[PDB]
4 protein chains.
Amino acid sequence: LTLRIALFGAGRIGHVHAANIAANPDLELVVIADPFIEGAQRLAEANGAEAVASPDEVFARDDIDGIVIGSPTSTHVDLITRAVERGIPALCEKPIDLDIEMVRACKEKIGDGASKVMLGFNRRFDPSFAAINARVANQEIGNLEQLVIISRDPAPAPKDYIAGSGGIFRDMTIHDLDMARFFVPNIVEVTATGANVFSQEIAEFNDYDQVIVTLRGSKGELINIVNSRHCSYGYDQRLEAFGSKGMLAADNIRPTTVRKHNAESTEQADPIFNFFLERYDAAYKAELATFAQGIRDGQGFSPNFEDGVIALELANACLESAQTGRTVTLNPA
Amino acid sequence: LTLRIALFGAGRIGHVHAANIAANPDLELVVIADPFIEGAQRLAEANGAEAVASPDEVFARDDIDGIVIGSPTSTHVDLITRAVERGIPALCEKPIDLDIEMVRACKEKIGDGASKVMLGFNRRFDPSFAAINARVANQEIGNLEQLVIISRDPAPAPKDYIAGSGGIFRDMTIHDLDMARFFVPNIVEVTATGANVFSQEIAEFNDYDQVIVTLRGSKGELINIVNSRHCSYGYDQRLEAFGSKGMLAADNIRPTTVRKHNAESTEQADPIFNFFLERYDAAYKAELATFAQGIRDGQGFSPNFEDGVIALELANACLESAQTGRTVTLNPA
Amino acid sequence: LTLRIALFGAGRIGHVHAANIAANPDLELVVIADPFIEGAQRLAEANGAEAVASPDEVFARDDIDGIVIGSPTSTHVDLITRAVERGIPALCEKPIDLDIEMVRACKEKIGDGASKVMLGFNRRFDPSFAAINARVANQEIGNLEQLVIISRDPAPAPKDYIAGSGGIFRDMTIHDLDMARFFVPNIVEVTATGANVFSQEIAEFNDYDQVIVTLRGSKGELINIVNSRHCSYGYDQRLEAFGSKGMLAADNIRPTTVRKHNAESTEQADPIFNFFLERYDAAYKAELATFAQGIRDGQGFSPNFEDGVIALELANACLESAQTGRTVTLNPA
Amino acid sequence: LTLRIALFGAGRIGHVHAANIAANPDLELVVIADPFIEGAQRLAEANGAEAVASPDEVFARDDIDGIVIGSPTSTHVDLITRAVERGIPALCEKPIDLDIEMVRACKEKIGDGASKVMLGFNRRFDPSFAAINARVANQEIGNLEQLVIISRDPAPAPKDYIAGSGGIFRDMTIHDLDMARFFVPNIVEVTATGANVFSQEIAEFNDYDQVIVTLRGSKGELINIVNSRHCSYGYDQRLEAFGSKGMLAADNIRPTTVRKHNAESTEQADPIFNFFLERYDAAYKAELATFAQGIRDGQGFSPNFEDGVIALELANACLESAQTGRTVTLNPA
Ligand code: NA
Ligand code: NA
């Protein structure tokens, strides 16, 4: 039995979900809520659905199950609430808002709506990382002791974006912070170091173009996250899980398996994927297939609204540690 | 203008094409034919299309822009002819036929209509293999001197399939023989060696469960093909191009980039893809897109009918060489 | 042209240096000093040198223009001093002493005669790590921005060694701290995090079995070191240099290049070397050749005494950071 | 009791054995022979041995426990005969002779003296190739079904060397043909194919600069050898053993484990070793030790005289196969 879905937003992120839905049998798109209606009808009219300007138009309906929220990160709150107060399961993108307060206000109002809200942490749904998480849980490498994550964007985003980014910790490291919890949910301490090695731009906005985070798990686990705002070879996304009986790591993905060998060098492979949509193509699809299972059930979604709350809390904690030169205790006593 | 496609065969390959046609935005599947009606109806409704059991019912339509032939080999000459006689382009799974004489007869009846036939040698459309071909053509490694291909199927097909497959050369090596021509169009000599090392079943049909082929190109190029009818770690599909200035080789593909390291061994990766449909997912989609563009251009197809004829002739030359213990010259003096 | 050398100690490290000295055509061992003279006699007799018990006997000689301290830590500060007196070039092993005061006290005595002392930080001489250092210095990857070092010993050392080791930072991490300086000589800040996840024995000795160090270089370089007291697959010794124009990394080393592929896993390689002596065979040899070329030049050494001092200081700095949970500034204002 | 060795040849190969004899604790080099006395003297002097110009001067001594023949092929038969008739064990480099008749003449003359001849097919002693041979023998990958060997020399040897080399099969493939027997002793058929794609010099001497060989084993095993007289990235020496339960392959060797990653390509490794002395360092040393052991045991050597015989008979068969474009049956009925 198929299910209907409503698609908020129509920007870069909106095209992905829309298209993946059509490919999935158990789902069908029907509308798009975006102020820039001209850019909302270049996606709605696309898959065979209608398009509006304001959200209220959609919130003034009565034939939609899933709510794939895909608009700016500072509007999500105002869109998740009105989906909970209508008992319709939703799936959002960037973790709630950038302001922790607004986020808490959202939790309270929706009370336990955090059950009906699956977050868009697509990395958990990547086959490679998901496999490592599952295999680790299956005790394949003994007790998890160390988790190393290396993430480097190809280059800094446009100046305008950096201004409303919320800082590297809230804008970038946050995805890594969530991945950490995916493996070790109970983080007790946060230590972070920030630097400025190449971006003059990022520098004046008093943000970092490079950081390293070390988290402590409730059982002695050390999660080490390395970040950088640029990377000449592509979108570096590695992860290493080290345990008592072995190690599991994920390599980067290249478009082909071709390798060149000549007088200058051997084993020359392609640069790795330079765009997050490419690298995580399968992930978004799997995430959607999971959003479908949680609807056919109703037990709740994972990652949920709460996961996003803590992720942001981890990011702010990282920022405080970086500015203070000391380890931050997440929850005292 | 969306192109209308008729599909023959509701089998496994049929499922791939149907799903790819749906996904392709320039195409639309309007009818599926398969004597096994329930099978066709099942696939048709899953793609919003009609289902018929006979080709007569297909050709009764007057809106067919293109045809995909994914039905049994014994139906290839018939479907190709009917489609071409009606000026309808046809993408046909290899081979044209197992009998070179029937292939010749067909070529005569259709005459110039042969230009509307595209042969489904999907491996040419594999990103990795296609990249290697284009980069070699671009002189990246100088003059091509050797081409080493290693293809090993996971296991022998079912008995009934083996019975009418026409032998390892016409059924399996044929794909490698075409890949060879993709790189070196002009082959002058053929040498082949067959053996029987594990399969009682393959030996029962007077066929080989493993062969080695060495082709001589018009300029001294040596193409070396290695085949086996079983492979414990998956569907082995490697290719190496060696030239005067370097080598380009393609590795196998795995479902994840995960590697395990413990006391037993390091760099442990997943077994490689086991099914052709998975290994060549991208290839089939790229092949379909090329078919669509050929329908729009009317400028012909590649691989073409002729590539299908020569591929079979090379396979026949292989069998003859293997049975005689000598090299076979394709074009006498 | 040759140079006489005198080794102190006949333990594991002693054997290694002796053979290397004999191996190097420009050198030749003459005597070995060790309180367990029985072995000293045995070993020497296998090279072509005499055997004594205490340093006094070695100091009752007048034919020593090369010194090597393979003897235990307790005798390091002792021999270095008693050797600079006669002004003879020397090469000591691991850390001058675990006690920084003793080091300062030693530095205060030899005063300027520290320029003749070389430190046995063999890793700097490994062909792989050294190549990376030199290539980075040659601007091959632009400006160095990140350095990630992952070291993991196969298993903990005997209970007695752990008791008198001086902690993971002084005993293990110190090698990585020097490697960090080999790349970024100037370190401004230190941050360390320790934990206990598997060794009860290490826990009762108030030591850590896991630690993560992040050092801030004078120009914003972030150096990230990861350590662990056990490793199921071998002696993990990886290093990664990340710059503005690329990245250089070193893999672990295996005894053979054999790879196995089957139904369980593909690309299975051998477990990596599990003994530091095997892994750094080439390093120790290069370390010696550099020592010799230094003596046959009288231009000092590298690594030198000052490097060992700073190394212990970083170690102590790390410990200080781990216990307080705060970043430590090496030189205030 | 240190065995005394006499070395014939002060050239490239002679230099390697000499250095290894010195290094080896169970051996002592007492005399080197070479018509070019200056080289023999120069080398001997660097090994505390004596230098003479003729074999007579070597056989005038009565203390020789073993002989190593590293002199030109034209002297192999003479030196093997003289040594064996005097009861002296002899390790001889590839080819007893290039002429199978002279080889047979030698065998007829020395009779049971052949048991004192070890053939220097050093590749069997490579740790990697040897490990694979042993693991296959231990049934690790089931029944051996295919063996693929790819050998590419960095470049053609000097003209004069090529002039008296006896062709690519006798000079180059012979090592691969021996490797084949190391895995499958019983070969029943030979098929070979040669081409001329780059070297005017090789074509000038009616030789091939490129060959592909396929051997049939007594149980249907297929051994496939690929050769080329040039290779831009180094000395390509790969081997792949494919069995019913898996596969074992050996990768090429590089000087370091360094890999570069930038905008052009990722995983860039060093060019592989370009000199056989570098690639087979461990093998030559292991081969010498095996020679030393055989001298003490008196049980015989492996590879033995017959291996040298059959390896040549196989090379001749390959040439005959290539010239006639027909498969050759090794043992007619
Ligand atoms: Na479509
Ligand atoms: Na020796």
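Proteins get letters first, then strands, A, B, ... in listed order; numbering begins at 1 in each.
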> CD of B:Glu313 to CG of B:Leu177: how many Å apart, nearest 0.5 Å?
Replying inline: 11.5 Å
>> Under the criterion side-chain contact (heavy atoms from CB on, under 4.5 Å), I'd like the reasoning laid out for B:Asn304 against B:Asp307: C-alpha separation, chi angles, the key distance, then a yes or no.
In response: CA-CA 5 Å; B:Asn304 62 43; B:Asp307 295 312; 3.3 Å; yes
> Is there a side-chain contact (heavy atoms from CB on, under 4.5 Å) between B:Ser54 and B:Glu57 once you walk through the steps?
Replying inline: CA-CA 5 Å; B:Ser54 164; B:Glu57 301 171 69; 3.3 Å; yes
> Salt bridge between B:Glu50 and B:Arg61, side-chain N to carboxylate O under 4.0 Å?
Replying inline: yes
>> Which residue is it: B:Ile149, B:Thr191, B:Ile225? I am looking for the one with a side chain to side chain contact (heavy atoms under 4.5 Å, CB included) to B:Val213.
In response: B:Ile225
>> Once salt bridge (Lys or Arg N to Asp or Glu O under 4.0 Å) is applied, do any residues pair with B:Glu240, and if so which ones, sequence neighbours excluded?
In response: D:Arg152, D:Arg238
> Counting only heavy atoms not in B:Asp112, do more than 12 sit closer than 6.0 Å to its CG atom?
Replying inline: no
For residues 87-101 of chain B, which side-chain donor-acceptor pairs fall under 3.5 Å, sequence neighbours excluded?
residue: B:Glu93; atom: OE2; partner: B:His17; partner atom: NE2; Å: 3.1
residue: B:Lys94; atom: NZ; partner: B:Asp171; partner atom: O; Å: 2.9
residue: B:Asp97; atom: OD2; partner: B:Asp99; partner atom: N; Å: 2.9
residue: B:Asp99; atom: OD1; partner: B:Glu101; partner atom: N; Å: 2.8
residue: B:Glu101; atom: OE2; partner: B:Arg104; partner atom: NE; Å: 3.3

> Looking at CG of B:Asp209 and CG of B:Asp153, how far apart are the two atoms once the value is rounded to the nearest 0.5 Å?
Replying inline: 11.5 Å
>> Measuring only between side-chain heavy atoms, which start at C-beta, is D:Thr193 closer than 4.5 Å to B:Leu222?
In response: yes
>> Applying side chain to side chain contact (heavy atoms under 4.5 Å, CB included), can you list everything that pairs with A:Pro127, at least two apart in sequence or on another chain?
In response: A:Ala282, B:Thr256
>> Going by the rule side chain to side chain donor-acceptor pair (under 3.5 Å), which residues pair with D:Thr214 if we only count those two or more places apart in sequence or in a different chain?
In response: D:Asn224
> Looking only at side chains, do C:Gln268 and C:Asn262 share a donor and an acceptor under 3.5 Å apart?
Replying inline: yes
> Taking NZ, NE, NH1 and NH2 as the nitrogens, is one of them in B:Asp178 or B:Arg123 under 4.0 Å from a carboxylate oxygen of the other?
Replying inline: no
>> For residues 182-195 of chain B, which residue pairs pass the salt bridge (charged side-chain N to carboxylate O under 4.0 Å, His left out) check, not counting sequence neighbours?
In response: B:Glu189-B:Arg216
> Got a second to check how far D:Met247's CE is from D:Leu144's CG, nearest 0.5 Å?
Replying inline: 11.5 Å
>> List the residues meeting salt bridge (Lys or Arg N to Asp or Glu O under 4.0 Å) with B:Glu201, not counting sequence neighbours, and say none if there are none.
In response: none
> When rounded to the nearest 0.5 angstrom, what is the spacing between CG in B:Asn252 and CG in B:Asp270?
Replying inline: 12.5 Å
> Using 4.0 Å as the upper bound for N to carboxylate O, is an ion pair formed by B:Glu306 and B:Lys107?
Replying inline: yes
>> Minimum heavy-atom separation for B:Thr290 and B:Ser302, please, with both atom names.
In response: CG2-O, 4.3 Å
> How far does CZ of B:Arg229 sit from CG of B:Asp207, to the nearest 0.5 angstrom?
Replying inline: 6.5 Å
> Between D:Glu145 and B:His230, is any side-chain donor less than 3.5 angstrom from a side-chain acceptor?
Replying inline: yes
> Can we say B:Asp65 and B:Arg4 salt-bridge, meaning some charged N sits less than 4.0 Å from an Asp/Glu carboxylate O?
Replying inline: no
> Closest heavy-atom contact between B:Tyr208 and B:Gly194?
Replying inline: CD2-C, 3.4 Å
>> Using the side chain to side chain donor-acceptor pair (under 3.5 Å) criterion, which residues pair with B:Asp281? Sequence neighbours excluded.
In response: B:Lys285
> Closest approach of B:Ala241 and B:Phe183, non-hydrogen atoms and distance?
Replying inline: CB-CE2, 4.5 Å
>> Give me the atom names and distance for the closest heavy-atom approach of D:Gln146 to B:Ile212.
In response: NE2-CD1, 4.4 Å
> Relative to the ring of B:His175, is the ring of B:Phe121 parallel (under 30°), tilted (30 to 60°) or perpendicular (over 60°)?
Replying inline: perpendicular
> Would you say the side-chain atoms of B:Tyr233 and C:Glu264 include a donor-acceptor pair closer than 3.5 Å?
Replying inline: no
>> In terms of relative ring orientation, are B:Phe291 and B:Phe301 parallel, tilted or perpendicular, with 30° and 60° separating the classes?
In response: tilted
> With respect to B:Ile223, which candidate in B:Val184, B:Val148, B:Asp176 satisfies the side chain to side chain contact (heavy atoms under 4.5 Å, CB included) definition?
Replying inline: B:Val184
> Which pair of heavy atoms, one from B:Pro156 and one from B:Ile162, lies closest together, and at what distance?
Replying inline: CB-CD1, 4.3 Å
>> Using side-chain contact (heavy atoms from CB on, under 4.5 Å), reason through D:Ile141 and D:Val136 one step at a time and then give a plain yes or no.
In response: CA-CA 6 Å; D:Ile141 60 172; D:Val136 167; 3.7 Å; yes
> With the threshold set at 4.0 Å, does a side-chain nitrogen-carboxylate oxygen contact exist between B:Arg326 and B:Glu320?
Replying inline: no
> Which residues satisfy the salt bridge (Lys or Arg N to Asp or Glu O under 4.0 Å) test with D:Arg135, sequence neighbours excluded?
Replying inline: D:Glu140
> Passes side-chain contact (heavy atoms from CB on, under 4.5 Å), B:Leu239 versus B:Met179? Steps please.
Replying inline: CA-CA 10 Å; B:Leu239 183 155; B:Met179 170 69 61; 3.6 Å; yes
> Which residues satisfy the side chain to side chain contact (heavy atoms under 4.5 Å, CB included) test with D:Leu330, sequence neighbours excluded?
Replying inline: D:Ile187, D:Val190, D:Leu314, D:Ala317
> Which pairs pass side-chain hydrogen bond (donor to acceptor under 3.5 Å, both in side chains) with one or both residues in residues 75-85 of chain B, sequence neighbours excluded?
Replying inline: B:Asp56-B:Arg82, B:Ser71-B:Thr75, B:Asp78-B:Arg82
> About how many Å separate CG of B:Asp236 and CZ of D:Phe242, when rounded to the nearest 0.5 Å?
Replying inline: 7.5 Å
> Between B:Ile202 and B:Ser199, what is the shortest heavy-atom contact and its length?
Replying inline: N-OG, 2.8 Å
> Got a sec, which residues hit salt bridge (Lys or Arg N to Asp or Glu O under 4.0 Å) with D:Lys219, two or more places apart in sequence or on another chain?
Replying inline: none
> Is B:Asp160 close to B:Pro158 at the side-chain level, that is, under 4.5 Å between some pair of heavy atoms?
Replying inline: no
> Taking it one step at a time, do C:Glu267 and C:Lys260 satisfy salt bridge (charged side-chain N to carboxylate O under 4.0 Å, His left out)?
Replying inline: CA-CA 6 Å; C:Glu267 305 182 312; C:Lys260 181 169 63 168; over 6 Å; no
> Do B:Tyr235 and B:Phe275 make the cut of ring centroids closer than 6.0 angstrom?
Replying inline: no
Show me the donor-acceptor pairs, under 3.5 Å and distance only, between side chains in residues 25-45 of chain B and residues at least two apart or in other chains.
residue: B:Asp34; atom: OD1; partner: B:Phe36; partner atom: N; Å: 3.0
residue: B:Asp34; atom: OD2; partner: B:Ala10; partner atom: N; Å: 2.6

> How about B:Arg170 and B:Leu312: do any of their side-chain heavy atoms sit closer than 4.5 Å?
Replying inline: yes
